[PDB]
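Data first, discussion second: the structure below is written as C-alpha cells.
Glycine also receives a Cβ, built like all others from the backbone with ideal geometry; neighbour counts cover every protein chain displayed. Read-outs throughout are calculated quantities, based only on the coordinates presented, and are distinct from any laboratory measurement.
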Amino acid sequence: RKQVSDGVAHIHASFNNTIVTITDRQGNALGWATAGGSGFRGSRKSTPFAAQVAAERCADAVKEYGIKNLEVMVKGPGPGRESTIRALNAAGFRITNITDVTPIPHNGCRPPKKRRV
RNA sequence: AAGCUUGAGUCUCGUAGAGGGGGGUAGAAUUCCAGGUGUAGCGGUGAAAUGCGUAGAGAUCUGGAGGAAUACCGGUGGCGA
C-alpha cells in the first residue's frame with residue numbers, strides 16, 4: 001500500500017527450467033515466475049526466451065510496493081541466469097548488485113554420475 | 001690358526017614427509033522437522049509418467065539435527081614394501 005523503493009530478487013536457472021522470485025531483504029517474497037509455468041516443455045523449457053517471458057511476467061509484480069532499486073542473487077548453470085536480469089532491469093527496475101550464490105559441496109561425499117544413453 | 005679392511009651398521013650434531021595406530025572435535029552441503037513472507041506449480045526428457053503439489057509444494061528468510069564425505073593451500077610437491 002506504501003512505496004518502499006527497495007527489493008531483492010532470487011534467480012535460479014537449470015538445464016530444464018528457470019525460477020525468478022522477487023523478495024524484500026527481510027526475506028519476504030512478494031511474487032514469482034518460472035519458465036515451465038510460462039507454458040514450455042522439453043529442451044525448450046530451459047531456454048533464454050522461456051526465461052525472458054517469465055521475467056516479463058514477474059516484472060508486473062510489486063507495483064503497489066513501488067520497488068525500483070534491485071539486488072540479484074543468482075543460482076544454477078542454465079542460460080536463463082542472464083536474459084531474466086536484462087529484461088527485469090529494462091522493466092522499470094535498476095540493478096545495484098549481482099552476486100552468484102550457487103550452493104556447492106566443497107568437497108564430498110561421492111561424485112555424481114547420471115543418465116547414459 | 002691369526003692379523004687387515006674397502007663390505008654392512010651405529011653413534012655424536014643435524015634433515016624432511018597427506019607412512020601407521022589410539023583418543024578428541026569442526027568446516028560445510030545433500031536432506032528433513034518447524035514458523036514468517038508468498039502462490040500454482042515442481043521434478044524428467046526426444047517426449048514423459050509414476051512421484052511431490054492448496055493436505056500451501058517449489059522459491060525466500062530463519063531456527064535445528066543425524067550421518068557420510070572433507071574446497072583453497074596442492075606443485076616436475078611428499079610418505080609407505
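Quick look at the values:
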{"quantity": "Dipole of chain A, positive direction: furthest Cα of A:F15, A:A55, A:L88, with charges on the beta-carbon", "calculated": "A:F15"}
{"quantity": "Over chain A: helical MRE at 222 nm, DSSP H runs n ≥ 4 each giving -39500 (n - 2.57), nearest 500", "calculated": "-5000 deg cm²/dmol"}
{"quantity": "Relative packing of peptides A:82-91, A:15-24 - highest average C-beta neighbours within 10 Å first", "calculated": "A:15-24, A:82-91"}
{"quantity": "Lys pairs, chain A - Cα-Cα below 29 angstrom, 8 or more residues apart or on other chains", "calculated": "10"}
{"quantity": "Degrees, to the nearest 10: A:48-58 long Cα axis against longest axis of chain A", "calculated": "30"}
{"quantity": "Cβ charges +1 (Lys, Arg) and -1 (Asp, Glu), total dipole of chain A, debye", "calculated": "640"}
{"quantity": "Relative contact order for chain A, counting Cα pairs under 8 Å that sit 6 or more residues apart, in percent", "calculated": "29"}
{"quantity": "Vicinal HN-Hα couplings computed from phi for the stretch A:65-74 (Karplus, 6.51 cos²θ - 1.76 cosθ + 1.60; Hz; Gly/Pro x)", "calculated": "6, x, 7, 9, 7, 9, 9, 10, 9, 9"}
{"quantity": "Long-range amide H partners of A:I98 with built H, under 5 Å", "calculated": "A:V72"}
{"quantity": "A:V101 versus A:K75: modelled label distance in nm, points set 7 Å from Cα along the beta carbon direction", "calculated": "0.9"}
{"quantity": "For the stretch A:9-26, Karplus couplings with θ = phi - 60° (6.51, -1.76, 1.60), whole Hz, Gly/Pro x", "calculated": "9, 10, 10, 10, 10, 10, 7, 10, 8, 9, 10, 10, 10, 9, 9, 9, 4, 6"}
{"quantity": "Cleavage-rule hits, trypsin sites (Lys or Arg not before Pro), the stretch A:33-73, DSSP coil, Cβ neighbours within 10 Å at most 14", "calculated": "A:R41, A:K63"}
{"quantity": "From phi via Karplus (6.51, -1.76, 1.60), per-residue ³J(HN,Hα) for the stretch A:75-91 in Hz, x at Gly/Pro", "calculated": "9, x, x, x, x, x, 6, 10, 4, 4, 6, 3, 6, 5, 6, 9, 7"}
{"quantity": "Sequence-distant residues sharing a close amide H with A:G36 (under 5 Å, placed H)", "calculated": "A:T18"}
{"quantity": "Mean-position separation - Cα centroids, the stretch A:55-91 and the stretch A:1-48, in angstrom", "calculated": "7"}
